[PDB]
Each structure stands twice: as C-alpha cells, then as structure tokens.
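As structure tokens, one chain now follows by itself in the form solved without the ligand.
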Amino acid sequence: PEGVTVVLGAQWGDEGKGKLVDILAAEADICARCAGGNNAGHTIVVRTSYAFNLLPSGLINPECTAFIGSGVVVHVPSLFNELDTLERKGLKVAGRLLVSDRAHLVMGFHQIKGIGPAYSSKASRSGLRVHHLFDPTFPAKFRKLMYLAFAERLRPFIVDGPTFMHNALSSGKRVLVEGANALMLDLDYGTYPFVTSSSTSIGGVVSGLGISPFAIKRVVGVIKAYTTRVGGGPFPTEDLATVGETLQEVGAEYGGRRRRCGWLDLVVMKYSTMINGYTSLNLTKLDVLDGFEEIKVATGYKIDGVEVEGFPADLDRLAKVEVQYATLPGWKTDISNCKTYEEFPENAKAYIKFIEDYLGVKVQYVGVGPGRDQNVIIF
C-alpha cells in the first residue's frame, strides 16, 4: 500500500505494538516517529534483544530508512546512547537515520525525563529546535535559563522534514508510522490530566509529519485482549483480586512495578475507534487468556441507571461508572502455536468476532505469544 500506514496504541499503552510494527516494517521504505518523546520504551527480540525508545523500531529491517518527524521532542544524548547501543549490537543505523531540523530539543534543565517541559517551552516558543544546534547564537540563548559536540554527530542526520516526506510520498514510498504510547494517554482525548504531553492519536501523525490527511491509507489500532494502566486516575474494568493478579503474572505486566490490570473494555475501544478511525485491529497477547474458564468484557457504562454515551471527560463522573459486562466462555487451551485463523479454538474465534462486531472494525492481526513469529495474519 503506497502512502502512509499508521500504527496506534488503542488503550492506555503497553499493548505490545512492537511485533506488528516489525511485521509491517518488512514492507516499508521509511519508518517514522511523528510525536512524543523517548517515553514509550519497548523491546523486540529477533535472531538477540534490540531496545527502541526514541528511534523507530522499524530499523530492524536493514533496508529501512528511519525518520524522526517535526512533532517529536528529542533528547540528543539519549538519542545517541540509544543509537550506539543498537550499532554495538550489530545493527547498522547511522546511514539510515534522518531527523527533521524542526524537532524540538529536550534540554538538561528540562529534566529538572523532561518531555512535558519540552512541549511547554515549545508552546511558549522559547524552546530550542534541532536547527539551533548549528546556529552560532546557540550558546547565548541557551544561557538565558557538549551539545556542540553532539551537533557534529547529528549533522549528517539532519533533513528538512516536510521536504523529505513529500519526496517520499511523491516517489511512491511506503511509509510506516509508529505512534507513541496510546489513545487514552492523548493530550486532548485521554484521561486528562493522566495523559502524556502531546498527541498520541492520528492527528499527531498528520501534524507531526506535516502531510496531507489524504496521504494516510491505513490506521491499525493495537488492542490488547485485556486492559492495563500504569498511572493513576480511574480504571473502570480494573480487578484488584485474583483476575488482576493472573493477568499481571501471566501477561508479565511489569515495567519493576506491576501494571494495573483489568478486563477488556470495549467502551474505551469504541471511543478510541471514534478518535482514530482504525481501518483494522491488532489484537495482542490473546494467549494470556488461555487459562480462563470465563472472560468478562465491558460493553457499557451507566451512571445512576442510565446509559452513558461516549467517554466522559470528567474523571469524577468516570469514577462513578457502573460497568456492564458480557461474559464469554474461555477456550482453555494453548493457542501460542496457532499460525492460521483456522487453528484457533472456536471460543477464541468467537472472542475475536465479538470484538469485531461490537466495534465495527475487523481484526487483522493476532498476537498469541511473546515471540516474533507468534502471530496470525487474518487477511
């Protein structure tokens, strides 16, 4: 598919989008970050473990060019620390990495991790951008609150972002975008104030790459088969007993701190679908439910007996929600080695179909194990 394929986290993050991106990166010329900081650290294992944080994980495909868009905020020392770690693990990066000269810089005083403060300076228009590193007045306006050494290593990566991307699109490149974090952590549309400091959604891709909405061809939402959260604020399907602990342990849901775990929440997913306009879904970690006799799925919110439309901006109202559940029979079998849709147990299919039918969006990829190879492509 010529043009732009986008991969977005659909919930509150850690959905495990890495394997999909890796699958998709094999058919992509360019892999790009459009927004956010080095705040969505994640690892993928290949034949050897590769850590990606600021850099597009599509770099695992050797013929891919990686691109950092103008919407990103960049901590230069972390960038090179991350790059050097990858190359000293045998992955050639330097000849394939391009950085928009308009991306903003996370400074040392920003970490007094600094992503939020960097986006704050940006809004203030007192922030410094990548092109400032080659500006002879850089030291002066820095003092108004070593990089020069980094500027030299960075110099050959620098491009004019709008131009690079336009040329890519014009010459018919297939471009893959890796969304940072996830929808419910979006600055506008997430559980504010428990969100990140920038767009995590599809608009952030249009803004962050400076492209036409017309160039977006696919938007694949990554939906974990159950829900997790890291931060505070409400979490309607959270389980604080045995179910929560089983999800925690079987799903290896830790950063070292355990993640909050809960049933799948399709009220969240319906709102997420509304904002992002998913063309298909990646249902991940489905194997984590292999041992469950029964599986509940949130299908509705009520307050004082009346159906609640959409997702509430007010968190006290969100806290008062009474969750309506569907209960689905488990499959009680190891699906970790399924390789076609047809090998799925009947109740695993039913589970996928329930999600599809509820959301009106087809499920295209299914992650069924921790390994790179452990996926099912449905169409």
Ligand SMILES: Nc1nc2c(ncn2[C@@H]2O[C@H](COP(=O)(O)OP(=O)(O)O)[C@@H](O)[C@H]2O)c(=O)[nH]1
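In case it trips you up, residue 1 is the first one in the sequence shown, and so on.
This next part talks about the form solved in complex with the ligand, which is not shown.
- Comparing 234 to 242, 158 to 166, 201 to 209, 278 to 286 against the ligand in the bound PDB entry, the single stretch with non-hydrogen atoms within 4.5 angstroms of it is 278 to 286.
- Among heavy atoms of residue 361, none comes within 4.5 Å of the ligand in the bound PDB entry.
- Contact check for residue 24: no non-hydrogen atom falls within 4.5 Å of the ligand in the bound PDB entry.
- Although the partner is absent here, residue 330 lies well away from the ligand in the bound PDB entry, with no heavy atom inside 4.5 Å.
- Contact check for residue 41: a non-hydrogen atom falls within 4.5 Å of the ligand in the bound PDB entry.
- If you take 360 to 376 and check each residue for a heavy atom within 4.5 Å of the ligand in the bound PDB entry, you get 367, 368, 369, 370, in sequence order.
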